[PDB]
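So this first bit is one chain, no partners, the form deposited in one PDB entry, shown in C-alpha cells.
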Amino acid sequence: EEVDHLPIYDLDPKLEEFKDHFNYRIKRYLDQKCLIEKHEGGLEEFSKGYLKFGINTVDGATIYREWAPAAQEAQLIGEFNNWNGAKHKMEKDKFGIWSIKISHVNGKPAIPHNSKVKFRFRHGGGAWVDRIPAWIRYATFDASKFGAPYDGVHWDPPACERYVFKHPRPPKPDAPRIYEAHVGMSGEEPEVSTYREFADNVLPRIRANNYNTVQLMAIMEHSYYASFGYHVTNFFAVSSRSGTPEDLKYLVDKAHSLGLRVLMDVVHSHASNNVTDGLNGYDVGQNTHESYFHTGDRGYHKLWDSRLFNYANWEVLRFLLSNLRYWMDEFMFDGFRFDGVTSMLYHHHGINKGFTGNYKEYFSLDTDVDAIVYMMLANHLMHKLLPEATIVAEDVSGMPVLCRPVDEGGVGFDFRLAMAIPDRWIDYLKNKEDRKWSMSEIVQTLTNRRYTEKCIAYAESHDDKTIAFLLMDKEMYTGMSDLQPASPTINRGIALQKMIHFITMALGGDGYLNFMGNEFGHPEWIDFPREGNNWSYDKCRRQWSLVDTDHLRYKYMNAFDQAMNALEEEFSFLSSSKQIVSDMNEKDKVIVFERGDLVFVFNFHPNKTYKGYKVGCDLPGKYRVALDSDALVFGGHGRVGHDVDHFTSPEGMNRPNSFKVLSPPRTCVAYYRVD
C-alpha cells in the first residue's frame, strides 16, 4: 500500500516513470523479508547461520552441518578420524541439510582446534568427492606440490590462544578519508607480508597521514594470490597466507586503538571457479535450486571466469547474510565495500558497457532484482546491527538510489566510489599535452554526479602505471634524489601529483580514497606473482624506504598528503554541500572554487605566474593561506606568503565578494577567512 509513493520519488521526479519496475522490486523485497521473518525469526536471527552451519560446539557435543541437497551420502572426514568418515556419517533432512552430532570424549571436543577437515560426499553413485566445508573459518596450504591444494581447518582456539578485543569501535567520522590497503603486498620485502606486520608498521603511517578509515582488501580467502582478493574460495575464512584469524583481530583492534575505522572488502558479486578449494566444488550438475549458483550462462561470469550466485535461493541468502554478520560481529569491522556491484545490478553485468545515464538502462528487464533484493536485505541488516556502519558500493554505472536508504526505496548503500575520476586523469596524462587540458572538462568529471547521494573520490586506485609514474616515468629512479636540484620534469611531476590529488579530494565528493603508496607518489606499478611474469614478487610490495629516506623527494608528496587530510579534518569541506565553481579560465589554465568555508585556487599553467588574480568568495573579511602546495616543506619554491593578508572587496548590489591572490604556475592554494 505505502509502496505507491516511495520517498525516492520526491528526491528524483524522473524515477516515477519506472513505477512498474519499483513496484516489482520493492514488493519482491517486502515478500522476501516477510518470508525470512515468518520462517527464520527475522534478518537478525537468519544471519546467525554460522552458529548453525559449519562446525560448532554445543553442550557435551560438536555439531557439524552442511547444505548439499545433490548428495545421497555424506560424512565428515579429517585428521581426527584418520580421514575415514565411516563412523562419522551424516544424515540429510528434507531441506537437503546434512547434520552430525559428535559426543565429547571426557568433556573434550572430538575435533581438535587447528586440525584439518573435509566434507566427504557421494553423488550419482560415483567415487567420494572431498570438499572444504562452505562455512570453514580457516583454510591453509602446503607450499609443496599443487600450491596448495587447500585444507579446511577447524578453527576454535583455546582461551589463551584467542585474541580478545580491547578497544571500542571509533565513532563515524563526518567524512570518510580512506586508506585502501592489501596486507600481503604491504611490506618492503618481495614476499607475502603478515597481518601483524601491517598492524605494527603500516597502521601508524595511515594515522600519521590523517586518514580516518582503512579499506582492507583481500581478507576473504582466495587461492589465487594474483586475484587481488577478488576471486573468493572460502567466504568465512581469513586469508591464511598473512596469518590466522587471531592475527586479523589484532590488526582491527590496533587500528581501533589509533582511532581508525576499518572496512573490509566484501566480494558477494561472484565466487572462484576453483573446484577443489572453493564453493564451485559443490556444483555436480544439479538444478540451480540445489546449488549456490545459477546454471548455464547466468551461472558464469565470462570476464572473471567465475561462478555467479543465485540470490533467490534460501540457503544462498542465509550464507551471504550470515557472512556479513560474521565479519561484523566476530572481527569488529565498522563496515564494508561491496565489490563488483555493477555486475550484481544487471544480467549483462555491465561488461564492456557503456552507460549513458538514460534511466531506461537502469530500470529494465536487464535489472537484476534478485541481487538488489539481497543488497537491500543486507543493508537493512547491517545498519540495524551497527547504525553507524559505512557500506560502500563499487558501481561504475551510476545506478540511481543505489545510495539511498532501504526505507526510502533505495538499495541502502552509504557511499559509491567515484569511478569515473581516475579515467579522466589517465587520458589527460597519457594522451593530452598540458596546453590542451580543459579546465571545464576537469570540473565536469569531478562535479557531474548525483547530489542526492554520497560518493568517495580518488585520483587513482589499484589496477597500472601510477599518476606519479605517468608524470615522471624513468626519471624517478635518479631524479628523486635531493642530492641534485630537481629537473624540470621532477618539478612538474611533484607539483601536478599534489594538484591532481587535491582537486580530486576537494571537488570530487563527500569522502576520499587513497591506495597504499600513492600518497607519496610510489613509483612503477603493481604486479602480482603470475605465470606471465614467472611468479615475480618484485612489484608485489611497498617501498617504504623511499618515503623514509630524507635525501629523497617522496617525503614532499607525503607531507602534502598529510597536510591535505589535516586540512579536511580542520575545515570539514568533504561533508559540506556548499560547492561553487566560480572560475574556469581556459586560456590561463585556472580553476577557482569554494568548498565549505575554503576558497581554492588551482593554476594548471606550465609557466605563468598570475599576480593580483581576482577570486570570488562568499563572506567578506580577511583571508590567508590555509594550505599552499608551493610551500618548501612540500618541495615547492616558496613563492606564496602564508602571513599575507588578503582583504575582500564587495561585488554586486557570480560571487558577492572577491579578493586578490598570487598564483604561481602548477600550484594549488586553499584560503580561509580569519575569525
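Rigid core here is just the name for the largest C-alpha set that superposes within 1.5 Å across the two forms. Residue positions are given as counts along the sequence shown, with the first one as 1.
Per the record, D463 and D464 are separated by a gap of 4 to 9 residues from the deposited sequence that were not modelled. Across the two stretches, 108 to 116 and 168 to 176, the PDB entry reports the greater mean Cα temperature factor for 108 to 116. The deposited model assigns a higher average Cα B-factor to 518 to 526 than to the other stretch when 380 to 388 and 518 to 526 are compared. When the C-alpha B-factors of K48, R65, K614, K33 are ranked from the entry, the top spot goes to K614. Considering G229, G335, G124, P405 together, the PDB entry gives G124 the largest C-alpha B factor.
When all modelled residues of the chain are sorted by CA temperature factor, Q215 is found within the lowest third. In the deposited entry, the Cα temperature factor of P133 places it in the lowest third of its chain's modelled residues. Looking at the C-alpha B-factors along this chain, the one for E568 belongs to the lowest third. For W425, the recorded CA temperature factor ranks within the middle third of the chain's modelled residues. In the deposited entry, the Cα temperature factor of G596 sits in the middle third of values across the chain's modelled residues.
The same protein has a further form, the form deposited in another entry, not shown here; the description that follows concerns it.
Candidate set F355, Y537, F80, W437; criterion, C-alpha shift of 2 Å or more between the shown form and the other one after rigid-core fit; matching residue, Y537.
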